[PDB]
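What follows is a single structure, written as structure tokens, with notes after it.
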Amino acid sequence: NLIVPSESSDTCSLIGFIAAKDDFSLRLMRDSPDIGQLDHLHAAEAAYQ
Amino acid sequence: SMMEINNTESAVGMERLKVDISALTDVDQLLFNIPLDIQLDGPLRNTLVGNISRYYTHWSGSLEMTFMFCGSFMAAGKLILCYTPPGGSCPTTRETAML
Amino acid sequence: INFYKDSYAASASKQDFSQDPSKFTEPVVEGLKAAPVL
Amino acid sequence: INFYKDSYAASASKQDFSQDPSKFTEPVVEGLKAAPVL
Amino acid sequence: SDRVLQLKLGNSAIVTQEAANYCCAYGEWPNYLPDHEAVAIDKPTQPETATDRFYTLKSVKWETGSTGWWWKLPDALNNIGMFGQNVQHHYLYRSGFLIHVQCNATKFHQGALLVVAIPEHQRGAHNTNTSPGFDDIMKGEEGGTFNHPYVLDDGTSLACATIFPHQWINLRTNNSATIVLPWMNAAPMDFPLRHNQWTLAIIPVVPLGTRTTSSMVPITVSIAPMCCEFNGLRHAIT
Amino acid sequence: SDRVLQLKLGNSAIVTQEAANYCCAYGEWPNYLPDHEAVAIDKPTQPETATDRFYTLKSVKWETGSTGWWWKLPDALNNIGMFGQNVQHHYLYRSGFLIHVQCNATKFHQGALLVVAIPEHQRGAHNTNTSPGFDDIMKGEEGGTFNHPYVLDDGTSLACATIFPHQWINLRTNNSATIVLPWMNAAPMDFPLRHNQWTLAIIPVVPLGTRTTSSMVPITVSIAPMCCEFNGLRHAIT
Amino acid sequence: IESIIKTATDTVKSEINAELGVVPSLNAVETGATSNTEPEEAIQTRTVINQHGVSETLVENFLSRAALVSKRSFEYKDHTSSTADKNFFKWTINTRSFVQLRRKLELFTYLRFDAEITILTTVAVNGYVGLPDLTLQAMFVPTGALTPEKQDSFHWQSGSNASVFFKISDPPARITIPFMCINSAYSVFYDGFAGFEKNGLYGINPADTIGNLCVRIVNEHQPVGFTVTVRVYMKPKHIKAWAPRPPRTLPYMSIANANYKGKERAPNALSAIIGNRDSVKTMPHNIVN
Amino acid sequence: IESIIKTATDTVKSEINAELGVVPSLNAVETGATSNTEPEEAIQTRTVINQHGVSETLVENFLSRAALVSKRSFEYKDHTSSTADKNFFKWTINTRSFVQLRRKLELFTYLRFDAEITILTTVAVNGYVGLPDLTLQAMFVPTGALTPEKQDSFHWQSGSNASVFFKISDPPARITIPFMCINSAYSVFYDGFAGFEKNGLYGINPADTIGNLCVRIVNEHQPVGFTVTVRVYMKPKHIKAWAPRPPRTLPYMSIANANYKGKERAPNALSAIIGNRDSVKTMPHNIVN
Ligand SMILES: CC(C)Oc1ccc(C(=O)Nc2cccc3c(-c4cnn(CC(F)(F)F)c4)ccnc23)cc1
Ligand SMILES: CC(C)Oc1ccc(C(=O)Nc2cccc3c(-c4cnn(CC(F)(F)F)c4)ccnc23)cc1
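Taken in sequence, the protein lines are chains U, D, A, V, F, E, X and W. Just so we're aligned, residue 199 is where the first sequence starts under the authors' numbering, counting upward by one. Just so we're aligned, residue 51 is where the second sequence starts under the authors' numbering, counting upward by one. Numbered by the authors' numbering, the letters in the third sequence go through residues 29 to 62, 64 to 67 in order. Numbered by the authors' numbering, the letters in the fourth sequence go through residues 29 to 62, 64 to 67 in order. Just so we're aligned, residue 10 is where the fifth sequence starts under the authors' numbering, counting upward by one. Just so we're aligned, residue 10 is where the sixth sequence starts under the authors' numbering, counting upward by one. Numbered by the authors' numbering, the letters in the seventh sequence go through residues 1 to 83, 86 to 129, 135 to 296 in order. Numbered by the authors' numbering, the letters in the eighth sequence go through residues 1 to 83, 86 to 129, 135 to 296 in order.
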């Protein structure tokens with residue numbers, strides 16, 4: 199159990215982390231689904247003016 | 051890099067990067083689980099390993115998960131962290147996960 | 029195949045397999061042992 | 029003629045004249061003689 | 010001299026007095042996975058004699074109307090003995106098989122069985138666009154029966170099936186067939202519950218015939234897994 | 010330096026930061042049965058990492074009225090994982106055990122547990138001529154509770170139990186105990202369902218006390234079988 | 001035993017035999033071995049020095065010729081009112099749609115090869136003003152990448168996807184795709200299910216998934232409509248092949264499975280693969296003079 | 001310590017441990033070092049000889065693929081009455099306008115590379136008579152040089168500016184631009200102001216200014232109007248990269264800054280980057296049979 203005295207906070211936090219080890223390998227490069235645009239960015243047109 | 055394990059409604063911003071643990075009155079209770087799909091939008095996506103891997107299609111090799119306990123010095127406790135190879139449902143009881 | 033006079037014209041240099049991940053994973057002044066870290 | 033950097037780019041490899049038909053014609057643990066088979 | 014054979018594996022033995030040599034598929038023998046071919050890094054369990062032993066399935070009756078029978082590996086054994094328990098507790102499996110097929114009758118009987126081991130025997134359905142379902146494929150210990158053995162239930166042909174590892178049981182000549190199968194997969198290990206490496210098929214190309222008094226003529230299948238390895242210890246899927 | 014310990018067996022690991030050395034019972038370590046001590050002649054199965062791993066039992070609450078707890082080996086594990094499956098399929102079993110007992114509390118708590126491994130802990134009943142029944146003894150994973158820990162439930166005494174392999178958990182000092190047990194039997198192997206070599210006992214000689222706000226204080230037991238061997242492959246008794 | 005074979009075997013002369021205990025023409029099919037009877041054992045032969053090469057039946061030569069795998073027509077026009087491939091299409095890459103290449107590939111259980119891809123484009127005016140020299144973009148979209156939704160979507164910027172830009176007046180565009188299975192060989196047949204639940208596809212190995220080919224016209228539409236047709240050819244090269252299979256007899260029904268029906272009557276009916284003759288004593292093309 | 005790494009690391013077999021004072025699975029995240037726990041320390045392993053190459057994650061391979069950086073359409077017509087790009091345009095060179103290349107480049111703080119530039123041109127008839140084979144001129148106008156004001160201005164005589172002349176029927180025009188920063192590396196991010204007064208731009212290093220790309224049609228206008236679209240691709244090559252950065256999560260707002268808003272709801276909302284599940288105990292795609 200989590201066991202705490204009266205003067206400690208009754209609720210405590212975990213932070214979780216992840217990494218690859220050095221046996222890790224990646225293959226077949228692709229465009230990432232984490233970014234996209236539907237429009238011109240602001241000031242993109244002004245690069246032509 | 052930090053997992054967004056608390057990806058729940060009512061966790062806002064930085065609250066999504068921590069899991070809160072409390073004293074329980076029942077033995078061997080489940081605290082949380084972590085989905086391991088890097089492709090689908092889970093706790094692993096917005097991580098260094100996550101964001102770089104999503105430029106690629108195939109992957110191999112081991113992952114490390116580290117947990118830091120951020121209670122007071124006076125807080126004590128033991129947890130069990132379990133990895134289940136695929137093939138069935140996610141385990142809901144410690145006696146199953148322990149295997 | 030590069031018959032251009034300027035070396036910046038050449039094709040890409042895909043041969044540098046040197047790594048040092050410890051400058052990012054272990055920038056600690058005293059290295060970790062296999064062993065209580067603190 | 030292959031000036032590409034990846035070896036999978038190359039032309040086809042039509043030079044492997046190795047055969048072993050006995051793995052399909054004779055997968056018997058004791059080989060046949062020239064001689065009653067059974 | 011090549012008509013008598015004893016097979017011994019673990020606590021089980023089979024003797025036959027009317028064999029016809031035996032087949033080692035593609036001239037291979039089963040072996041454990043070497044380190045230069047390994048993928049999964051956890052130490053495997055190698056149960057040896059607990060798993061590497063003959064299991065005898067339910068016998069089927071050879072009858073005048075019989076189209077033939079099939080059993081899928083590992084599926085037919087996934088619920089049997091300590092082999093089945095390791096299958097249920099581990100994500101990954103690897104093994105060969107020793108297959109012994111048994112059928113005796115009188116010297117007044119006639120009939121020929123093609124006994125063939127088919128790698129990746131991906132079945133078709135007949136006269137439909139819909140692919141075979143899970144319950145069409147996954148029969149377990151009972152196995153299935155051929156719908157159209159003449160095309161091997163896959164739009165192909167029986168006549169050319171001798172390209173696969175096989176023997177015949179010809180009641181004139183022999184009462185048993187033996188096939189030794191290596192590990193036969195593109196990956197070095199597999200999840201045993203969703204893919205079958207091998208299908209055993211037994212097809213009566215010449216039907217059973219006699220003019221003596223009739224008796225039930227069973228065909229019996231005995232299968233020993235060989236060099237079983239298991240990785241990814243988990244709870245039982247079961 | 011002898012307060013931090015990592016135990017790794019198979020796919021399981023335990024770390025502790027407040028140990029007090031660890032006990033190797035009678036100075037022994039587990040080993041496999043050598044040929045000069047063998048009886049049964051069939052080749053044993055040695056499942057290694059499938060069986061030689063920590064199993065964690067249900068935690069018990071340490072409460073002010075607690076008399077202590079006990080678990081019998083192999084009985085407590087006979088239905089757990091691949092260890093249990095080999096137990097059910099084999100007539101004969103042999104192994105050691107690694108026992109890790111876990112109990113943490115605050116620096117304002119007090120209490121001491123005697124953690125003792127008792128070989129051949131043949132129980133008595135209290136105030137009767139009738140011997141303990143099958144259901145008094147065979148508790149499985151849940152284990153039992155002491156009726157009269159002061160005489161160890163066997164007309165003997167707690168005070169002298171330190172002749173058996175033991176550590177203490179003293180909440181002032183340490184939060185875990187570890188005992189390594191060799192094979193401890195007159196015969197080289199045994200039938201696992203009718204005899205227990207070892208009883209783990211945990212007795213609160215000093216009761217749990219604090220004046221902070223109360224929390225549930227569980228005690229957790231983790232047991233790894235070590236060098237498991239099984240002989241006499243059979244169907245499952247189960 | 002493995003050996004190098006470049007030409008067919010020579011024949012030695014043979015004499016009369018008459019030996020007791022030696023019967024080379026007798027065989028035992030029940031063992032599963034094919035007959036080992038040599039012609040020198042069956043008849044009296046002459047010496048023949050045989051010079052016939054065997055290179056044309058090499059698996060490399062048998063398989064490494066370019067075959068059509070995809071053909072798609074679409075309208076190049078103003079699509080503002082259409083329901086349709088609106089100046090682009092997506093193709094889920096497969097090799098089962100055209101039966102000539104499919105049947106050859108399915109003679110094998112496992113194949114490992116690199117794929118040479120040739121893209122041929124052709125254009126006609128819709129029902135004439137000349138034919139336009141369009142630029143096309145082909146983009147390989149692997150598993151889990153986003154496919155384009157529109158001709159002008161930003162997916163086409165191709166930051167990390169491989170794209171080839173090519174003209175209709177060019178020679179056909181060509182690239183090699185490496186052998187990209189996550190296993191050591193493609194599973195040509197797969198006796199299994201794709202997922203951990205029971206509802207996954209039968210007969211497709213997830214290990215063999217290639218991805219998507221997305222092809223657009225890069226030009227803005229013209230005032231008039233054209234039909235563009237794209238043809239994709241694959242040529243396997245650097246081929247390894249394992250476990251030869253009995254060939255397909257019945258017509259294919261589907262790209263998704265091995266389902267079968269047969270022709271209504273022989274040849275290649277389910278009841279009769281070979282066409283019928285009147286009797287086992289009838290010689291169908293018998294020479295008569 | 002620097003070493004040459006061509007393949008992923010091998011795994012050694014490991015035994016049971018039980019050593020006092022040795023706790024390889026315990027770590028101290030507060031030091032800032034990542035966990036050094038090896039798999040051989042955490043579980044019992046087998047020997048694995050690992051043959052997986054690591055070439056595809058080389059920074060050279062990760063970045064050196066051609067990506068769209070500029071796209072411009074203009075009217076090729078008689079412009080005597082127009083308000086407009088009158089048969090030519092000027093582009094102030096930047097790499098921030100198309101998000102796929104931008105996000106990859108912004109994984110790094112400093113980059114040094116040469117830029118391979120590919121120019122793709124396409125033409126459509128305005129709302135058909137065939138497509139004309141136009142000649143175009145691209146002129147690189149560095150900092151402080153005069154840009155063209157008209158299609159026929161004398162700036163286009165290009166006495167010292169680099170110009171490339173290219174046809175629409177040609178393959179795409181290609182040149183390499185050398186690494187031309189006045190520093191040893193481009194500043195991908197710049198925590199500073201461009202001028203000595205306070206009113207200069209935030210976030211742009213003056214050291215990284217490339218200049219202007221001016222593109223005209225060289226032909227006189229025809230009697231009919233066309234739309235010309237120019238696409239510019241950059242490919243970094245001979246790349247060095249320093250100080251990797253956390254990736255962009257929120258949509259970009261602007262080419263001029265890192266300003267952020269997020270999507271209205273998760274994923275990539277400012278309050279929630281990952282999409283929500285019901286609880287920390289919910290497995291969203293749990294296998295059920
Ligand atoms: C846009 C440019 C830059 O990139 C491109 C990338 C790809 C293509 C294209 O069309 N490729 C392909 C078309 C058809 C089949 C394949 C296969 C394949 C399918 N199955 N198998 C195993 C078998 F044979 F056993 F079944 C192998 C593998 C790789 N590619 C294929 C076109 C262009
Ligand atoms: C007309 C012909 C003869 O000459 C030409 C000359 C140039 C071009 C053209 O378009 N060039 C370019 C387009 C887009 C970006 C760049 C960059 C760059 C921007 N930023 N950075 C640092 C980064 F990545 F860190 F941000 C590097 C550098 C040099 N060129 C660029 C086209 C043609």
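Built from N, CA and C at the ideal position, the CB exists for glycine as well.
Listed by chain order, chain U residues near residue i by CB distance under 8 Å
i, result
"W/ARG105", "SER230, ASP232, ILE233"
"E/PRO227", "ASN199"
Neighbour list for residue i in chain E, Cβ cutoff strictly below 8 Å
i, result
"D/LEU81", "Correct list: empty, because the minimum Cβ distance to chain E is about 14 Å."
"F/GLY149", "Going along chain E, no residue has its Cβ under 8 Å from F/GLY149, so there is no contact; the nearest lies around 18 Å."
"D/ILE130", "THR65"
DSSP-derived helix/strand/coil call for residue i
i, result
"E/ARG103", "strand"
"A/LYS51", "helix"
"W/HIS228", "coil"
"W/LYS244", "strand"
"F/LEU190", "strand"
"F/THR25", "strand"
"X/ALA180", "strand"
"X/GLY207", "coil"
"F/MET91", "helix"
"D/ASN101", "helix"
"W/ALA42", "helix"
"W/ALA265", "coil"
Chain-ordered chain E contacts of residue i [CB-CB under 7 Å]
i, result
"D/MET148", "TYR64, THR65"
Ligand 2 heavy atom lying under 8 Å from the CB of residue i
i, result
"W/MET187", "yes"
"W/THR97", "yes"
"W/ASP215", "yes"
Chain-ordered neighbours of residue i on chain V, where CB pairs are closer than 7 Å
i, result
"F/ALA34", "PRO55"
"X/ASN50", "Result: empty, since nearest Cβ-Cβ is about 15 Å, beyond 7 Å."
heavy atom of ligand 3 below 8 Å from residue i C-beta
i, result
"W/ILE184", "Absent from the structure shown: ligand 3. Ligands present: ligand 1 and ligand 2."
Neighbouring residues, chain D, relative to residue i (Cβ below 9 Å)
i, result
"E/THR247", "Within chain D, no residue comes near E/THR247; the closest Cβ sits about 18 Å away, beyond 9 Å."
Beta-carbon neighbours of residue i, restricted to chain E and to distances below 9 Å
i, result
"W/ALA18", "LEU14, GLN15, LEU16, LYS17, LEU18, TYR31, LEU107, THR187, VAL189"
"D/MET124", "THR115, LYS116, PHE117"
Residue i: CB within 8 Å of a non-hydrogen atom of ligand 1
i, result
"X/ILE119", "yes"
"X/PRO155", "no"
"X/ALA145", "yes"
Where residue i meets chain W, residues with beta-carbon distance less than 7 Å
i, result
"F/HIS45", "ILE49"
Inside the stretch 193-221 of chain E only - beta strand (DSSP E) runs reaching at least 3 residues: Taking only runs of at least 3 residues, the beta strand (DSSP E) segments lying wholly in the stretch 193-221 of chain E are 207-218.
Interfacial residues, the stretch 194-223 of chain X to chain W, with Cβ spacing under 9 Å: Cβ contacts with chain W: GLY202, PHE203, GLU204, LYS205.
Chain-ordered residues of the stretch 49-79 of chain W with a beta carbon less than 9 Å from chain U: Per Cβ criterion, the list reads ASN50, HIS52, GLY53, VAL54, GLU56, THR57, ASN61, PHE62, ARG65, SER70, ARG72.
In chain order, each alpha helix (DSSP H) run of at least 4 residues that lies wholly inside the stretch 155-185 of chain F: none
Ordered list of beta strand (DSSP E) runs contained in the stretch 26-92 of chain E, each at least 3 residues: Fully enclosed beta strand (DSSP E) runs of 3 or longer: 69-71, 78-82.
Contact set between the stretch 260-286 of chain W and chain X, restricted to residues whose Cβ is under 9 Å from the partner: none
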